[PDB]
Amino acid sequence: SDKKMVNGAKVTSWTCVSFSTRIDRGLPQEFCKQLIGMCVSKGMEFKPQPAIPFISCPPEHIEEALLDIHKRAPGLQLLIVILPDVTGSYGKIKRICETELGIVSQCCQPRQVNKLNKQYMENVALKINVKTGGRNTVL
């Protein structure tokens, strides 16, 4: 528990996309609700409402969904991405977000999201802080 945020970024524009078919339809909301609480307890500030409603769509709609989210939310500071159930799409997703559309994303495996492990969300929260412009350290 020695990893801390020196400076917690402030996120005003964020939302969540899920390419997972397997998970309960309430998990994206629940998972993001706790993750943000974990980001916030560690020093970040988050607007509690996403900038556009959460989206759930099939893995074959990756190109479409990402570009849709990007055009409807040009100011997005963060996209929380729930990855497809089968691995192999992560490179495509990062490429589209990071290189092609210019969107800061955090990708999360649906099987791990399902666990709602609080140490996993601690790890993700610190990853999100740096991606969003914050600073982390180890005490």
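Start at 1 and count along the sequence shown; that's the residue number.
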Next on the checklist: Between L78, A51, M44, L83, which one tops the list for Cα B-factor in this entry?
Outcome noted: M44
Checklist outcome for this item: Quick tally, chain-level thirds of C-alpha B-factors: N117 sits in the middle
Next on the checklist: Splitting the chain's C-alpha B-factors into thirds, which one does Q34 fall into?
Outcome noted: highest
Checklist entry - According to the PDB entry, is the CA B factor of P110 in the bottom, middle or top third of its chain, that is, lowest, middle or highest? => result lowest
Next on the checklist: Split into thirds by Cα B-factor across the chain's modelled residues, where does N136 land: lowest, middle or highest?
Outcome noted: lowest
Next on the checklist: Taking only the Cα B-factors deposited for this chain, tell me whether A73 sits in the lowest, middle or highest third.
Outcome noted: lowest
